[PDB]
*Asks:* 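Here it is, the structure, as structure tokens.
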Amino acid sequence: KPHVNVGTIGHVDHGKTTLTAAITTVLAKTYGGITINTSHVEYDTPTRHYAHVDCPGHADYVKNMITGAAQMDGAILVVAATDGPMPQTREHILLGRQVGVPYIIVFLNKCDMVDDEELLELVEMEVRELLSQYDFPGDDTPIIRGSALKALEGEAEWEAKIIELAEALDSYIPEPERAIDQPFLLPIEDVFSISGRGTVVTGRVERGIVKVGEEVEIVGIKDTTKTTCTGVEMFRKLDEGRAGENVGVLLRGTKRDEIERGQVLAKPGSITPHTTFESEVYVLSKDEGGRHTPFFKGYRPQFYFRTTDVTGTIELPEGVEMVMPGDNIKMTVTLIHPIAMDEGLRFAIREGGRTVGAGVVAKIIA
Amino acid sequence: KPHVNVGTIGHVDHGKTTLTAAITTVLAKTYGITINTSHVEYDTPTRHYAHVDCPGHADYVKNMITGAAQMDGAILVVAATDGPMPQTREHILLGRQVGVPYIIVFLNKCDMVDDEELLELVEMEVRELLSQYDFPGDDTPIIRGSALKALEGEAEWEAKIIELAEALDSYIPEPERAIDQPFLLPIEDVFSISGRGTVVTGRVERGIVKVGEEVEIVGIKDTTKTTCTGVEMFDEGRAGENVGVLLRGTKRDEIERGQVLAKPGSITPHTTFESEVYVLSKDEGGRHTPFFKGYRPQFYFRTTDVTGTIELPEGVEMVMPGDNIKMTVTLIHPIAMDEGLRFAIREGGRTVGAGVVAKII
Ligand SMILES: Nc1nc2c(ncn2[C@@H]2O[C@H](COP(=O)(O)OP(=O)(O)O)[C@@H](O)[C@H]2O)c(=O)[nH]1
Ligand SMILES: Nc1nc2c(ncn2[C@@H]2O[C@H](COP(=O)(O)OP(=O)(O)O)[C@@H](O)[C@H]2O)c(=O)[nH]1
Ligand SMILES: [Mg+2]
Ligand SMILES: [Mg+2]
């Protein structure tokens with residue numbers, strides 16, 4: 001069955017842990033470095049298998065969304081009807097946009113505590129306005145009015161709202177693109193000359209398929225060039241290399257001195273090089289073995305993108321003067337040379353190979 | 001001259017604006033949160049008065065809870081024609097809760113009420129209301145007047161404005177000056193200055209700290225005590241000055257922002273208190289929806305935020321934007337506090353409410 005990665009987000013005390021348990025309980029009855037703190041559960045509807053991540057606190061949601069083990073195919077925003085939207089409601093929607101969470105469904109929780117239908121519609125309208133503020137489609141967003149606690153306790157009218165939520169997961173969250181179905185991309189690691197064959201470049205194929213005879217672009221670091229794949233070897237047992245495989249790709253004519261580590265091989269026109277991008281960055285705390293002191297607009301660390309690192313300079317948002325350990329911030333980075341990147345690409349910030357930060361490319365500038 | 005802060009309270013249309021004008025006129029010839037105020041100053045022979053009046057009920061609620069000046073006394077205006085009305089009662093109760101220490105009554109519109117029995121009946125109702133809220137109803141000065149006929153220059157009614165001013169002068173004591181109260185310093189910055197030791201900085205709120213004096217360190221953690229070994233201004237530090245206080249012994253990790261330095265014994269730490277709270281309206285940039293008993297915002301006391309949980313009054317289920325309510329607050333750790341301490345209610349460092357400590361539990 002199709003595998004979908006989801007997770008709960010929202011303000012502390014709004015009911016993310018309770019909802020996580022209610023979903024597991026009801027679906028079983030009905031259909032039966034950086035420190036990463038997570039709760040992991042799996043559950044099934046008739047057509048799909050879900051892997052669900054919840055986190056204990058705000059800082060953990062920030063780290064999961066920016067560098068967690070699984071990319072969320074969709075998020076369940078939990079909003080308590082009693083408080084309405086709160087600061088981490090807003091912060092988690094914003095972070096969802098910045099890190100590329102593609103869909104959000106809302107579970108309006110604690111509706112057992114709110115008798116007033118006008119009050120429920122008022123909270124729903126505030127949530128849709130907030131979703132639309134951050135470029136989610138607030139008017140089309142599924143909003144389920146429920147009680148995680150009364151569903152976990154076995155009340156039929158509230159268990160029905162959990163079923164309604166799972167029906168929205170199935171209908172509203174599409175399966176992501178499989179890596180094998182995306183445009184070919186190989187992050188280049190080693191570069192060899194083989195006598196009377198030519199230049200071989202190695203790496204693990206990230207996306208797609210490369211076949212003997214296909215044109216490839218060499219993208220990043222230096223101006224983009226093009227060549228032809230004249231052979232493909234797979235490391236561990238017509239010729240081709242597939243997403244997830246370690247391969248050696250033989251190139252026509254390209255010399256050792258015309259291709260390097262940290263460039264990519266890609267389907268021509270599928271990916272572009274950039275120096276300048278907006279990002280969301282988590283700065284490691286002192287307890288995670290990161291920086292002890294804040295940094296300012298001058299800071300010049302190394303950015304680690306796939307198989308290489310590149311120096312760059314940062315700009316901070318309007319009215320922000322410094323960035324403290326453990327903070328997350330929007331920063332505009334200018335790398336000393338271009339790197340192949342799309343929105344959603346993860347990177348590390350390092351100081352002599354101590355990790356000090358984790359980022360996601362939010363928006364490419366020019 | 002001694003400076004005294006006063007103001008008018010009472011029900012819409014009972015004559016607070018008219019009385020404000022009448023006092024000014026007769027004394028001259030004789031001698032975020034949206035803050036809406038009318039400010040006038042007037043003098044008696046011995047005292048200078050700064051007087052605040054407000055246009056609407058919601059403005060009087062905001063002035064009492066978060067106004068720039070603590071009232072030393074309030075003039076309650078009651079129309080003899082209506083008697084006490086809902087905002088009469090609400091302002092007296094709020095006055096008790098925010099610690100307004102004296103109320104004088106101006107029974108207004110007596111130009112419209114020819115019947116002495118009826119005037120005595122309104123006076124008895126006002127005295128009973130004041131006593132219901134622990135003001136001294138039986139001994140409260142009550143002046144029978146007409147703000148309008150005084151403002152229009154009728155001598156019989158101008159004389160009652162003079163009677164009201166003589167009551168301001170005799171009934172309202174001057175407040176304690178901050179310089180004469182026990183030393184209190186809200187702690188902001190904490191430095192280690194090797195060769196001297198730990199300096200704590202802030203603006204002296206009350207009193208004087210002198211080199212060699214013992215201070216208590218109050219709030220957040222269990223109370224500790226040490227000695228002042230130095231005072232720098234940015235021998236002593238006085239109320240209103242920015243200072244750095246050097247401490248005997250204390251390490252940078254044994255003192256923190258949000259604690260206070262105090263005269264020992266003068267202030268105690270508490271988690272639990274009753275408060276009067278004004279919740280900002282949507283138009284003031286506050287909350288859009290009501291909150292219920294589970295709400296857990298931050299409470300800003302002097303120099304620091306502290307998370308807390310709330311209990312509402314019996315039979316209150318929710319609090320709307322723009323409402324003012326009595327709430328019981330339980331903070332996650334103690335804060336040095338007395339009755340009358342103001343605080344902010346914040347969401348993500350953004351202000352959603354203003355309150356005052358009414359009773360320590
Ligand atoms: N009344 C009510 N309480 C709820 C509901 N869901 C959760 N709670 C309570 O709210 C509190 C916080 O829930 P929890 O799931 O731990 O919140 P989290 O911080 O978002 O994970 C717990 O006491 C829950 O029992 C609900 O639907 N109705
Ligand atoms: N007859 C009479 N009318 C008065 C007196 N004092 C005020 N008024 C009138 O009552 C109305 C309300 O007065 P105002 O001072 O604006 O009331 P506020 O809402 O309490 O500020 C106005 O029409 C005044 O002229 C008074 O002593 N006698
Ligand atoms: Mg939880
Ligand atoms: Mg008025």
Side-chain angles (χ1 to χ4, degrees), chain B residues 5-20 22-23 51-65 67 70-113 115-147 160-161 163-164 167-168 170-173 274-278 313-316 323-325 327 339-340 356 358-359:
Chain B
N5 290 315
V6 299
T8 37
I9 55 177
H11 197 261
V12 62
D13 294 350
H14 280 208
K16 296 168 269 75
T17 290
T18 307
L19 181 62
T20 297
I23 296 162
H51 174 124
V52 180
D53 194 32
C54 296
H57 172 64
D59 304 309
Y60 290 104
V61 170
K62 287 183 255 176
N63 190 62
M64 271 179 275
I65 293 169
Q70 299 288 342
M71 311 186 81
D72 297 316
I75 304 158
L76 179 68
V77 180
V78 182
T81 49
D82 274 4
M85 293 292 282
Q87 304 156 5
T88 316
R89 176 185 286 275
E90 292 189 45
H91 296 179
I92 291 167
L93 171 50
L94 197 51
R96 178 188 74 189
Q97 291 298 97
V98 306
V100 176
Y102 300 94
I103 293 177
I104 293 164
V105 180
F106 192 86
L107 189 63
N108 197 34
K109 315 198 176 182
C110 290
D111 62 293
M112 303 296 284
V113 178
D115 185 334
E116 287 289 308
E117 288 197 329
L118 172 49
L119 292 185
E120 177 184 323
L121 183 77
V122 177
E123 292 200 4
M124 287 306 285
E125 296 296 318
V126 175
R127 291 188 192 285
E128 285 171 22
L129 255 185
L130 286 166
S131 293
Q132 171 176 5
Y133 296 114
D134 300 319
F135 289 98
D138 295 336
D139 313 312
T140 298
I142 303 185
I143 296 86
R144 300 176 173 184
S146 172
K160 303 315 264 188
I161 302 293
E163 185 175 327
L164 172 64
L168 291 174
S170 69
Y171 191 66
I172 309 178
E274 298 180 353
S275 67
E276 293 294 330
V277 168
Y278 171 76
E314 67 165 318
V316 175
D323 281 354
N324 67 108
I325 197 158
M327 68 172 59
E339 294 183 358
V356 55
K359 180 178 178 194

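Lettering of chains follows the sequences in order, A, B, ..., and the numbering in each one begins at 1. Excluded from the calculations below are hydrogen atoms, water molecules and symmetry mates; all remaining heavy atoms, backbone and side chain alike, are included.
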*Asks:* Sort out for me which residue in B:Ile92, B:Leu129, B:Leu130 forms a side chain to side chain contact (heavy atoms under 4.5 Å, CB included) with B:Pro84.
*Replies:*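 Running side chain to side chain contact (heavy atoms under 4.5 Å, CB included) over B:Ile92, B:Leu129, B:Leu130 with B:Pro84 returns exactly one hit, B:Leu129.
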*Asks:* What are the two closest heavy atoms between B:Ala167 and B:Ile143, and how far apart are they?
*Replies:*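 Heavy atoms of B:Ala167 and B:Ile143 come nearest at CB-CD1, 4.2 Å.
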*Asks:* Any chance you could measure B:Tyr278, atom OH, to B:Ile325, atom CD1, to the nearest 0.5 Å?
*Replies:*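 It is 13.5 Å, given to the nearest 0.5 Å.
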*Asks:* Assess, by modelled atom type and distance only, whether the side chains of B:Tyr60 and B:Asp53 contain a donor and an acceptor separated by less than 3.5 Å.
*Replies:*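 Note: B:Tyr60 and B:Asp53 side chains meet the donor-acceptor criterion.
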*Asks:* Taking all atoms of both residues into account, what is the closest heavy-atom pair of B:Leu94 and B:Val61, and its distance?
*Replies:*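 Looking at all heavy atoms of both residues, the shortest contact is CD2-CA, 3.8 Å.
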*Asks:* Looking at B:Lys160 and B:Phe106, what are the two nearest heavy atoms and their distance?
*Replies:*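 Closest pair (atom of B:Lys160, atom of B:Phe106, distance): O-CE1, 4.2 Å.
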*Asks:* Measuring from atom CZ of B:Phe135 to atom CZ of B:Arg127, what distance do you get when rounded to the nearest 0.5 angstrom?
*Replies:*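 So the gap between those two atoms works out to 14.5 Å.
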*Asks:* Side chains of B:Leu164 and B:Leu19, heavy atoms from C-beta outward: is any pair under 4.5 Å?
*Replies:*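 Yes, at least one pair of side-chain atoms sits under 4.5 Å.
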*Asks:* CG/B:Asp82 to OG1/B:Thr88 distance, rounded to the nearest 0.5 angstrom?
*Replies:*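 Answer rounded to 0.5 Å: 8.0 Å.
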*Asks:* Locate the shortest heavy-atom distance separating B:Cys110 from B:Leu119; write the atom from each residue and the value.
*Replies:*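 Between these two residues, the closest heavy atoms are SG-CD2, 4.0 Å.
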*Asks:* Nearest 0.5 Å, please: how far is CG in B:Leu93 from CD in B:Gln132?
*Replies:*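 Going from the CD atom of B:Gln132 to the CG atom of B:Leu93 covers 8.5 Å.
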*Asks:* Hey, do the aromatic rings of B:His91 and B:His11 have their centres closer than 6.0 Å?
*Replies:*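 Judged by ring-centre distance (under 6.0 Å), B:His91 and B:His11 do not meet the cut-off.
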*Asks:* For the residue pair B:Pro136 and B:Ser131, what are the closest heavy atoms and their distance?
*Replies:*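 Scanning both residues, the minimum pair turns out to be C-OG, 4.4 Å.
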*Asks:* Give the C-alpha distance, both sets of side-chain angles, the deciding distance and a yes or no for side chain to side chain contact (heavy atoms under 4.5 Å, CB included) between B:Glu116 and B:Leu118.
*Replies:* CA-CA 5 Å; B:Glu116 287 289 308; B:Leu118 172 49; over 6 Å; no
*Asks:* Any heavy-atom pair between the side chains of B:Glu276 and B:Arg96 that's under 4.5 Å?
*Replies:*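 Answer no - side chains too far apart.
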*Asks:* Looking at B:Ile75, B:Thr8, B:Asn108, B:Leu76, which hits side chain to side chain contact (heavy atoms under 4.5 Å, CB included) with B:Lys16?
*Replies:*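 Only one option passes, and that is B:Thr8.
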*Asks:* Testing the basics here: between B:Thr140 and B:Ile103, what is the closest heavy-atom pair and its distance to 0.1 Å?
*Replies:*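 Looking at all heavy atoms of both residues, the shortest contact is CG2-O, 3.4 Å.
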*Asks:* How about B:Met71 and B:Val100: do any of their side-chain heavy atoms sit closer than 4.5 Å?
*Replies:*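 When only atoms from C-beta onward are counted, B:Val100 and B:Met71 do touch, with a gap below 4.5 Å.
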*Asks:* Any side-chain heavy atom of B:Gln97 sitting closer than 4.5 Å to one from B:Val356?
*Replies:*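 B:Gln97 vs B:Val356: side chains apart.
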*Asks:* Go through B:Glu123 and B:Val126 one step at a time and tell me if the side chain to side chain contact (heavy atoms under 4.5 Å, CB included) criterion holds.
*Replies:* CA-CA 5 Å; B:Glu123 292 200 4; B:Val126 175; 5.8 Å; no
*Asks:* What distance separates B:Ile104 CD1 from B:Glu163 CD, expressed to the nearest 0.5 Å?
*Replies:*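 Taking CD1 in B:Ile104 and CD in B:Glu163, the distance rounds to 11.0 Å.
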*Asks:* Can you find a pair of side-chain heavy atoms, one from B:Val12 and one from B:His14, that are under 4.5 Å apart?
*Replies:*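 They are not in contact (no side-chain heavy atoms under 4.5 Å apart), so the answer is no.
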*Asks:* How many angstroms lie between CD1 in B:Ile9 and NE2 in B:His57, if you round to the nearest 0.5 Å?
*Replies:*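 Here the interatomic distance stands at 11.5 Å.
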*Asks:* Using the six-membered ring wherever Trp is involved, compare the ring planes of B:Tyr102 and B:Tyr171 and label them parallel, tilted or perpendicular (cut-offs 30° and 60°).
*Replies:*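 Rings of B:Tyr102 and B:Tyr171: perpendicular, as their planes differ by over 60°.
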*Asks:* Using a 4.5 Å cut-off on heavy atoms from C-beta on, say whether the side chain of B:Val78 contacts that of B:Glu125.
*Replies:*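 No, their side chains stay 4.5 Å or more apart.
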